[PDB]
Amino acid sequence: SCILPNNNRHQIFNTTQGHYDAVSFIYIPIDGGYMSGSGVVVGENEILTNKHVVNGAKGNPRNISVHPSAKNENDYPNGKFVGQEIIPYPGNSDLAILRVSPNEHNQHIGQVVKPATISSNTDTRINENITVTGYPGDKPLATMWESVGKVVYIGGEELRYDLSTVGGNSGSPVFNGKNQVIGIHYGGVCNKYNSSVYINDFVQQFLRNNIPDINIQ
């Protein structure tokens, strides 16, 4: 996750408004600190994020806290949901489904926010205007930031763009202008581009296979 020449980013304060509500903050304690990342609610009990993010839990999903619509370190408007099962993408992309437990009120994560709409990606192209929204670690903890830019590359399961991200953004949803998820940010090449897992037909099948209620448009 790299700061690029295009560094056009702003904080989301109304984090439950519109498509921002499914954007999720991830906190995993380690002995002596914490790993944080990002994700997006896509199903009744499911978020999407990276393999390397959930790996911070060292195989134990109950080390993972998911805070949908997190606004800041003292403001979690939807509380948190604890990891229950890690379902990695069988292919070679840095993509994982995290299934989470209900909360203390027996609410499911996909009930307290609107699950994100997944693009079928039939129209996605080079140079289209997009956003990557999540929890960059150069900002205050658990604050949501949107980063504005353009697609520069599409290939197999990789989509690249020219917009800035930072450690902490891993797992952030990539949104098109219709606020649909076209990919899942995972990293980049500093300071050439940033990159996401592209939700192509094979990744879409993995999603539907594991999240039958998924909303693909």
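Throughout, we count residues from 1 along the sequence that is shown.
- As listed in the deposited structure, the average C-alpha B-factor of 130 to 138 and of 97 to 105 is greater for 97 to 105.
- In this entry, the higher average B-factor at the C-alpha atoms falls on 197 to 205, of the pair 17 to 25 and 197 to 205.
- As recorded in the entry, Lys192 carries the highest CA temperature factor of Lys51, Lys192, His67, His185.
- By the numbers in the PDB entry, the CA B factor is greatest at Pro61 among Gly39, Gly167, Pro61, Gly149.
- The deposited CA B-factor of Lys114 belongs to the lowest third of values across its chain.
- In the deposited entry, the Cα temperature factor of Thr143 places it in the lowest third of its chain's modelled residues.
- In this PDB entry, the Cα temperature factor of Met35 sits in the top third of its chain's modelled residues, the highest group.
- In the PDB entry, a CA B factor belonging to the lowest third of its chain's modelled residues is recorded for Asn72.
- Remark: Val174 belongs to the lowest third of its chain, ranked by C-alpha B-factor as recorded.
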